[PDB]
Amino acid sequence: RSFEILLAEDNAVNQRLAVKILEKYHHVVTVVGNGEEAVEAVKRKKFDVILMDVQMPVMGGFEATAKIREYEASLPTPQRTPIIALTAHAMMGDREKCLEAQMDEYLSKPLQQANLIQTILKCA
């Protein structure tokens, strides 16, 4: 049921929307505002699923994902946390690109509740 979610999203407005949805379904959300902070969070705590904005200041979702996969591999007991890409843009082989970038699923913004919750359940 209840999941620990890392949300990386640079836009404050979008952070609040996503948190409202996720908390409505009893999830526990850690919110960060860039890719560097997401990498730092993954080193400190195990999450059930990561929601990762593609375009972010300081460090984007593709770069952060690469670092996360490398770190989680380097562990004595390796782990792999699923990552869902969040993108405003959509529909032209984006999902494959995301999957090539080592992400698991994609969601277009603005986030749709049904899709968000079902994709988390698919992943976690």
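The numbering used is simple: start at 1 and walk along the sequence shown.
Colleague: Could you check which stretch, 60-68 or 89-97, carries the larger mean CA temperature factor in the entry?
Modeller: Taking the mean C-alpha B-factor of 60-68 and of 89-97, the larger value falls to 89-97.
Colleague: Of 70-78 and 38-46, which one has the bigger average CA B-factor?
Modeller: According to the PDB entry, the answer is 70-78.
Colleague: Pull the Cα B-factor of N115 out of the PDB entry and bin it into the chain's lowest, middle or highest third.
Modeller: Tercile = middle for this residue's CA B-factor.
Colleague: Grab the CA temperature factor for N11 from the record and place it in the lowest, middle or highest third of its chain.
Modeller: Its C-alpha B-factor, which the entry lists for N11, ranks in the highest third among residues of this chain.
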